[PDB]
Structures are given as C-alpha cells and as structure tokens.
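Below: the structure, in structure tokens.
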Amino acid sequence: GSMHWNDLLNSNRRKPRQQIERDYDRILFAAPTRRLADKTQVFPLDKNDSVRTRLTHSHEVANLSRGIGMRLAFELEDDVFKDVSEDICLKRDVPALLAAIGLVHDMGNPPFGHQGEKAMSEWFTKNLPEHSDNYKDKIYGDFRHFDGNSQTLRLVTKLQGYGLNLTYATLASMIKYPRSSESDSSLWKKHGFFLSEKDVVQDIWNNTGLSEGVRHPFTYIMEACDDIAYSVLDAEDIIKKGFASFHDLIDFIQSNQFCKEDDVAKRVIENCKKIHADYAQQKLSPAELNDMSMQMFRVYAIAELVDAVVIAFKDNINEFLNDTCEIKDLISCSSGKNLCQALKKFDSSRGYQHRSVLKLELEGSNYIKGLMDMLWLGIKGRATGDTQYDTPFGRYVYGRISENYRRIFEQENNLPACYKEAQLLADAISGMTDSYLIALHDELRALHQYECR
Amino acid sequence: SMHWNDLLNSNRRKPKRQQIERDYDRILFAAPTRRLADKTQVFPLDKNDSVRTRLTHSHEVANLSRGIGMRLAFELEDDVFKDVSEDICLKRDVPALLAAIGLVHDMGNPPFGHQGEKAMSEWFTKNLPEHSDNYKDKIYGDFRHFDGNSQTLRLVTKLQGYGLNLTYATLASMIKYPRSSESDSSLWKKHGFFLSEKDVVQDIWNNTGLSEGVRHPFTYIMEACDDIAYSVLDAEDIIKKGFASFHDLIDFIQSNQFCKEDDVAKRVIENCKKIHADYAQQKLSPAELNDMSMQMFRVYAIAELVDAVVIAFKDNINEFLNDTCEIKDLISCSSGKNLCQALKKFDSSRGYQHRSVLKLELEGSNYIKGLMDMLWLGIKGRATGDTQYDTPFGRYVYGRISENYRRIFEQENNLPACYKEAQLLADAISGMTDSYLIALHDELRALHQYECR
Ligand SMILES: [Mg+2]
Ligand SMILES: [Mg+2]
C-alpha cells in the first residue's frame, strides 16, 4: 500500500489565495506566534545581542522548508509528485505547506528552552506518581513525558472547537510522532499527540490516508529543517556571543572522527578556509572577522545540508510514500549527517554547557517547578470532587489561569478528572513566556506566604 | 515606458534557487532583522501583551506583499507582466521580491516608534543649525528631516563597499522616495536616500531603467501593504489592549463621514456584524468576544483592502510603467481608501494618543536626545579637525559606538566632515534597540557627572 499525494495534500478543513496559503497566513497572524518572541530558544534573550528566540528560529525553519518546497515543486516535480490531481497547484501549495508547518512547529513548546519540557516532565513525574492508583494509567505519561509537539497540536486544534481551522494536509504534517503514550510503537519513542486529541488525529488520519505509526512525508522535511536550523544557527550564536571562535569551529569539525573523510564536511571546510584567507586582509576586529567567517560558514553549511536533505528526500520518496516506512529522519539517510552530527556535538560542548545556558536552565527549572506547585494548589481536586482547592489562594491562582484553558477544563468529555486537571496545568504552564512566568511566580510566591506556613 | 526586464534585474551590485529568493533569505538571516524584535512599533513592549514589534510588523507586511505577488504572478500575469523574457521566472521572483522588500522596509528605522525619527530630526535641527555656515547646504537636511528609509538603504548597501549584496530589483524597490535632499520635486515631499548613497542610487537607476522622481512599481505595492498593516493591525492592537472595544470600532467606521455609502466599508461592517451576532451566543468573556470579533474584522478588512490594492495596481499598471507617473500611493486609487483613512483616524484617536503611547513617546524623545547630546560630545570635531572631543568621556563614548560605523566614518571620501560626523551619530542612534539605547543612556549619564559641570 502506497499513500497518494491527493490525500496527503488534502486542502479540506475539519470544520464543516489557496487554502494552504491561508493556513500559513492564519498561523503567522496567530497570537501564540507573536508570543513566541518572548520564549527562550537556547540562550538567554535578555542580552542585547540579537540572539535567536523561538520566533526567529521558527521563521528560519519556515524559510528553509519553503525553499525546499520551492525546489520540490519547481525543479523536482516529476521525481516526487508522480501522481497528483490537476486541481492541486503544487507550486502554490507545497512551499506554503512547508513554510506553515515550519513556522508552527514550536508554537506549543514551554518556555525556558529544552529545560522547560524537562522541568515539566520532572514535576509531573514527581506529583503524578505512576505507582499511585489515580495516575497509574499510561495516559498520564502524556504529562510524565510531556512533549511540545502534542501541546502544539492541541493548541492549533482546540484553542479558540476547531482552533485555527487548518487544512488536513497542514494538521497531518504537524504530527511529528504518529503515536500516543498509550501506543507502544517501536519506531517512535515519543508520543505525538495527547489523549484529548486522540479523536482529532484519527479524523486527520481518516482524511489524509495516514494511520498510526505512519508519518506524513513533509514531516520528515520539517524535522530535517529543524535539525539543520538547530545545528547551524546555534553554532552561529555561539560564535557571536564569543563562547568560541570560527577557528575553534573549524578545528572541531576537522578533528571530528566522522568528518575527516566526509565529503560534505571537507568541502565546507575548504570553502571556509578559502574565504577566511581573503577576509583577514581587511582591517577587521577579531569579533568582526569571526562574524564574517561565521556568516560565510552558515551560508555554505546551510546550502550543503539543504541540498543533501533534498537529495535524500527525492531518493527515498517511494519509501516515504509507503505505509511500511522505517526511515527515522531525513538527515540520517542524507550525505550531510556527519556534518550535522559534528555541529550538534560542537553546540553541546561549547554552547549548551556554558555558564549562562546552565544558569538559565537552572533558573527556568526553579521557576517552572515553583509555579507548578502553586498552581497545583488551586487546580488539584477541582474535577475529582475534592474541595482542597477551595481556599483564597486556590481561587486566586485558578482565576489567574487564562480563560480559554479554564473553559476547556470545564467541559464534558471522556477524559478522566485527574487527566483534566493535569492537562489544565500543562496548558497553563506551556503557554507562558519567560517574563510572564517569572512575574506570575514572584507574585504568587509573595501572596502564598501565609498559606505556605 | 519601462520594461519589466530592467525592473526585475536579478544582477547584483557587487562585480562578479533564484537570486531574488536569495535576497529574502539573506535579509531574514541579517542581524538587524533580529534586532527589529527589540524595537517598538507603536505600543510599549509588555510582558504579556502580544502587541506588534518592528519584527512582527515587518513579517506581516512581507506576508501581505508575498500574497500580492502570488496573485500577480499566478493569476494576473497576462494583465500585468507583458513583454517579459522567458528567462525570468515570475512565479518565483515576484512573490520573493515583494516579500523581501516588505521584510526590509523598516530595518533602518530608529527605536521608540515614529517618535524616534521625530526626536532625531528635532535634535539635528537644534544642534545642526540651518543658519550656521557649517550647516547651510540642503544635504544636512538629510539629518534635519531624518528618514528611516534612507538609513535602511544605507544599511543594506554600505554595511558589512557592499552589504547584503541585494539584487538590483530589490534595491530599486526599497527606494520609497526616488529623490534626495538637494533635489526639490513636488512629486515627493521626503528624500529617499542620503548624500553618501547618491552614487549607489545612481548605479541602481542605471541598472533598472529608473530615474529621479520615478518610483519602482513594486514600491507602490510595498507602501500599500505597509499602510494596510499599519491601520488594520494597529486597530487590532488597540482592541486587544482594551483601549477600545469592537463595537467602538464598528461605530467609528459607521459614523465616519467618508465611510458612509462606501461599498467596501459597508461590506466589511455587515460581515462583521453578522459574525459578531453569531459569536455573541457562545458564552465568552468580554475580552474573548472582543478578540474573536476583532480577529474576524481583521481577516475581512485585510482581504478587502488587499483585493482593492490588487485591482488598483492592475488597472494602473500602464501608468506605473511610465516615467511620468503621477500616482502618489496605491491606496488612494483603490476602492478601499475610505476604509483605510477611517482606520487610520481611529488608530490616531484611540491608540496613538493614548496616555501609554504618549508616555512611551516622551520617554523615547528624552532618552534619544540625551544620548545624542552625550555622543555628540565625543563625535563633534573628529573629522573637521577641532579637538574638543579628545577627553576621556569623549574617547569612551566614541569607543562605545559600533566598530562598523566608526570604520565607515574614518574612511576617506568626498563627504564633508560635518556631514560625516552627523552621519556617524545618525548611524549610531538608528541601529540601537529601545533597551540598549536606555542602558547606554543610563551608563553615559552616570559617567558624565563630572564633565557636565
Ligand atoms: Mg525547532
Ligand atoms: Mg512599516
């Protein structure tokens, strides 16, 4: 069985310019997209150094995906789009679809970078014990292993009961891991949607020809663009902040075990050496020379990695279009896997373990866990029938939660009451920016003095 | 007349996908583009509000321009683009070109909104007297009537002899007002480039078939998209911040003298009234109902204004391609001019004159003028020869200026010394963000205590 591009590019919407272009416009004009500007990506955003935030990273991923779609729809059309209905305009739909899924991919991630997800998962693991009878079911893993992709899908499908009313193609491409926490798929080790979205994704799977464990072909492209953006622009930011030099990056790539014989890595290194041989002649500050060489390396590396990803996607298009697809990621099957791995290693060694990043992660973990404690004081028991929340502090912290999250929490559905409370807490925490989370944590800590003692 | 072959010149100024797409890619990854996220657009940046910044406004304008380009290249190609070489791929160039010029249109604008430009102009008028023999030429008007478009062109052309190396089509499109301060024309009341770029612009005009007073056709589209974004999105921000309600906007449009018996305004009003009546049934908080109604109004108004702009551009394409074009703006020749004027009046009455915006403007003016005084203390005389600047405070404030601006200032050219010093100050002030400008102002004020008295 092979999936068809007519179903994968379904322009219909769940609620009973091209449609996909309108989807991209709605995603861009959405409030969470603008809120992404205040969410930390890797490095602290308080510093005035033009460091990457979630919004800038999302826009870069969207641009890379749009360029890949441009190449796919204009150059390699007959190679990958073999059987497409005439009413579908690939040149207008594919770039727009890739740009939209790139822009929206990190919309539901919690603040404070990766430490946000890690802290939420740790708090949920501690406060929703797996041995306890209330939180024994695997569905609560949705919070014990909380992931931003499921929250993003929930945000785009249930927050407004259809949300932004994205097309089926967009929603299908949003699902990064086609399985839930209840599922036991060996191919994917992470859940891609919550239990509350279990019906919705099913509807998507009923309109795009997809099923559990089967990924949309454009999801691979979006993930590859995300990985490329991470690996390249994190290194660029590392050099920009002065945590390392361009020569340090070149030496790290050259001395990497898998990049000594890698053709792409050697080509990039040679081109960067040639350019740096000319950039040093002009009178430039060491920071200025580092920035120039870093920009040139970014251009070369992004071009090479994007070309390798496009080639890999074109070569493995038949495997992607088949339901029995075992490809993990597009980078791993491409010729640029070694360079991307080396860049990720460099980013981990030089940027992710720097003093500033570690301090930011520690502060984010502290803030998130404290705020989750104070909010759980007012959330727990609301749906299970208990009354322990009915305190002035509990009422206040419940009133501080955004009204849409509370409205979804006070609804009739098959979700267990404990699951509803945990989902309310997760929705409240995930949608917060760094500054808003810190301010709310400080205010609640100030107001909690009597009840805490 | 003018041919599209020259207007869409993909050649780059520096002597030696698509080139024009590469222009948008380079603009997106530029550091000042990321710095735009820290510059206020109209309203101050809060910790919770999703008000537009310069970056979000630029992205919205770019999206609108890209949609216009898709409509022009995919539907109205025969009506708009006649006698175009088969080498030029309109479907890939026109949308990319419009998006690139929309994203870059506000790169060089000073911080603190429009008050930034106003404060820079007032300070330059006071400290560069027109009666003083040192400053009598019209060239110093470049600073007495400082404009963000000229600084944007300067940044893209002379900041990295070439900067981003944008194509000739892009550079021609970013010239909003095709005239200089020295040249006096009744067509345009503002200068579009500095004296230092006179040779660059003359080059661009040579490679695009344009001339003084003749504006690139896509500049009209970019300006129309900028105006539409300004009006509609500022109204949306006003509603979101709570300064006015959706019913207030509806009443203002209905009670507007020109918007009466206006087809576009009536259509938008009726559609929004029906949608609001439908929405009122759902139990939502007043803020939520206002947000939903304003979002639907934004969708309807943006669609109507964009369609009117497209129709006006298509109808007047022959005049736009003529060197004797007398059109001042695309909106005024469209059917949506009345709605745009009413929206601008509503924004001025409720948003721009709100106490928060007035306080932001006053603080920005104070900060900008104080910092300009303290920087002029260390800049003045560096090029004329007089050595009042050679003080520890002057040396420090000169060292705090960005190295690239200082390097351009120290270059030997035909610019007068006073012009070079004023341009150094303008480049320093314009490139700062709000927070960085405030921090530098506080630092210098702390360090200026002894030398002040
Ligand atoms: Mg990402
Ligand atoms: Mg603008």
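We label chains A, B, ... in the order they appear in the structure tokens, count residues from 1 in each chain, and number ligands from 1 in the order shown.
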Notebook entry, point to check: What's the 12 Å shell around range 46-50 of chain A, counting only C-alpha atoms, without same-chain residues fewer than 4 positions away, as a PyMOL selection string?
Noted result: (chain A and resi 37-41+56-57+233+236-242+356+360+434-435) or (chain B and resi 29-39+55+431-440)
Notebook entry, point to check: Do you know which residues are within 8 Å of ligand 2 using only C-alpha atoms and all ligand atoms? Can you write them as a list in words?
Noted result: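 Checking only C-alpha atoms and all ligand atoms against ligand 2 at 8 Å gives residues 54, 57, 58, 61, 105, 106, 223, 226, 227, 229 and 230 of chain B.
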Next, the residues of the selection above should be written as a short mmCIF file (atom, residue, chain, number, x, y, z; two decimals), in the first residue's frame with C-alpha atoms.
```cif
data_model
loop_
_atom_site.label_atom_id
_atom_site.label_comp_id
_atom_site.auth_asym_id
_atom_site.auth_seq_id
_atom_site.Cartn_x
_atom_site.Cartn_y
_atom_site.Cartn_z
CA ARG B 54 9.08 46.07 14.29
CA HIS B 57 5.09 44.20 11.68
CA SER B 58 7.80 43.59 9.08
CA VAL B 61 3.99 43.33 5.70
CA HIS B 105 11.22 48.19 4.71
CA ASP B 106 11.75 49.11 8.39
CA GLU B 223 3.76 51.00 0.63
CA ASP B 226 2.60 48.83 4.90
CA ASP B 227 -0.39 51.17 5.20
CA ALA B 229 -0.82 46.57 8.08
CA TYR B 230 -0.46 49.84 10.00
#
```
Next item on the list: Identify every residue of chain B that has at least one atom within 10 Å of any atom of chain A, counting only C-alpha atoms, and report the result as a ChimeraX atom specification.
Entry: /B:17,21-22,24-26,28-38,46-53,55-56,59-60,63-64,67-68,70-71,74,91-92,160,233,283-285,287-288,291-292,295,298-299,303,403-404,407,432-436,439
Contacts between ligand 1 and chain A, please, where a residue of chain A counts if it comes within 9 Å (with only C-alpha atoms and all ligand atoms); show its shortest atom pair and distance in Å to one decimal, rows by chain and ascending number, as JSON lines.
```
{"residue": "A:41", "atom": "CA", "partner": "ligand 1", "partner_atom_place_in_ligand_line": "1 (Mg)", "distance": 8.5}
{"residue": "A:54", "atom": "CA", "partner": "ligand 1", "partner_atom_place_in_ligand_line": "1 (Mg)", "distance": 7.7}
{"residue": "A:57", "atom": "CA", "partner": "ligand 1", "partner_atom_place_in_ligand_line": "1 (Mg)", "distance": 6.5}
{"residue": "A:58", "atom": "CA", "partner": "ligand 1", "partner_atom_place_in_ligand_line": "1 (Mg)", "distance": 6.3}
{"residue": "A:61", "atom": "CA", "partner": "ligand 1", "partner_atom_place_in_ligand_line": "1 (Mg)", "distance": 7.0}
{"residue": "A:102", "atom": "CA", "partner": "ligand 1", "partner_atom_place_in_ligand_line": "1 (Mg)", "distance": 8.0}
{"residue": "A:103", "atom": "CA", "partner": "ligand 1", "partner_atom_place_in_ligand_line": "1 (Mg)", "distance": 8.8}
{"residue": "A:105", "atom": "CA", "partner": "ligand 1", "partner_atom_place_in_ligand_line": "1 (Mg)", "distance": 6.4}
{"residue": "A:106", "atom": "CA", "partner": "ligand 1", "partner_atom_place_in_ligand_line": "1 (Mg)", "distance": 5.5}
{"residue": "A:223", "atom": "CA", "partner": "ligand 1", "partner_atom_place_in_ligand_line": "1 (Mg)", "distance": 8.0}
{"residue": "A:225", "atom": "CA", "partner": "ligand 1", "partner_atom_place_in_ligand_line": "1 (Mg)", "distance": 8.4}
{"residue": "A:226", "atom": "CA", "partner": "ligand 1", "partner_atom_place_in_ligand_line": "1 (Mg)", "distance": 4.8}
{"residue": "A:227", "atom": "CA", "partner": "ligand 1", "partner_atom_place_in_ligand_line": "1 (Mg)", "distance": 7.4}
{"residue": "A:229", "atom": "CA", "partner": "ligand 1", "partner_atom_place_in_ligand_line": "1 (Mg)", "distance": 7.5}
{"residue": "A:230", "atom": "CA", "partner": "ligand 1", "partner_atom_place_in_ligand_line": "1 (Mg)", "distance": 7.0}
```
Convert the current residue selection to file output with N, CA and C atoms, as a CSV table (one decimal), in the first residue's frame.
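After the write, out24.csv holds the following:
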```
chain,number,residue,atom,x,y,z
A,41,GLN,N,14.9,30.3,23.2
A,41,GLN,CA,15.2,29.2,22.4
A,41,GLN,C,16.3,28.3,22.9
A,54,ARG,N,12.5,31.8,20.0
A,54,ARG,CA,11.6,30.9,19.4
A,54,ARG,C,11.0,31.4,18.1
A,57,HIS,N,13.8,31.5,15.4
A,57,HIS,CA,14.1,30.1,15.0
A,57,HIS,C,13.0,29.5,14.1
A,58,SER,N,11.7,29.8,14.5
A,58,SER,CA,10.6,29.3,13.8
A,58,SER,C,10.6,29.9,12.4
A,61,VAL,N,13.3,28.2,10.3
A,61,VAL,CA,12.9,26.9,9.9
A,61,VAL,C,11.8,27.0,8.8
A,102,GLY,N,6.7,24.6,9.2
A,102,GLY,CA,7.9,25.1,9.8
A,102,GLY,C,7.7,26.2,10.8
A,103,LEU,N,6.8,27.1,10.5
A,103,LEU,CA,6.6,28.2,11.4
A,103,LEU,C,5.8,27.8,12.6
A,105,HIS,N,5.8,24.8,14.1
A,105,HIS,CA,6.3,23.5,14.7
A,105,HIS,C,6.7,23.7,16.2
A,106,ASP,N,7.1,24.8,16.6
A,106,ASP,CA,7.5,25.0,18.0
A,106,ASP,C,6.5,26.0,18.7
A,223,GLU,N,11.3,18.2,10.0
A,223,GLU,CA,12.2,17.8,11.1
A,223,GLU,C,13.7,18.0,10.6
A,225,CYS,N,14.7,20.3,8.5
A,225,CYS,CA,15.0,21.7,8.5
A,225,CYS,C,15.2,22.2,10.0
A,226,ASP,N,14.4,21.6,10.9
A,226,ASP,CA,14.5,22.0,12.3
A,226,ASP,C,15.9,21.6,12.8
A,227,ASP,N,16.4,20.4,12.5
A,227,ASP,CA,17.7,19.9,12.9
A,227,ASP,C,18.8,20.8,12.3
A,229,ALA,N,18.5,23.9,11.3
A,229,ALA,CA,18.5,25.2,11.9
A,229,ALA,C,19.2,25.2,13.3
A,230,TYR,N,18.8,24.2,14.1
A,230,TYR,CA,19.4,24.0,15.4
A,230,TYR,C,20.9,24.0,15.2
```
Check: For residue 252 in chain B, which residue among B:324, B:316, B:411, B:349 is the nearest when counting only C-alpha atoms?
Finding: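 Looking only at the distances to residue 252 in chain B, the closest residue turns out to be B:349.
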Next item on the list: Might you pull out every residue within 12 Å of residue 270 in chain B, with only C-alpha atoms counted and same-chain residues fewer than 4 positions away left off, and present them as a list in words?
Entry: residues 250, 253, 254, 263, 264, 265, 266, 274, 275, 276, 277, 296, 297, 300 and 301 of chain B
Checklist line | Contacts of residue 157 in chain B at 12 Å (only C-alpha atoms; same-chain gap of 4+ positions) as an NGL selection string | finding: :B and (12-14 or 108 or 150-153 or 161-168 or 170-172 or 174-175 or 193-194 or 196-201 or 203-204)
Item checked: Shell around residue 195 in chain B at 12 Å using only C-alpha atoms, local window under 6 positions removed, as an NGL selection string -> :B and (137-143 or 150-151 or 153-154 or 179-183 or 201-202 or 413-416 or 419-420 or 422-423)
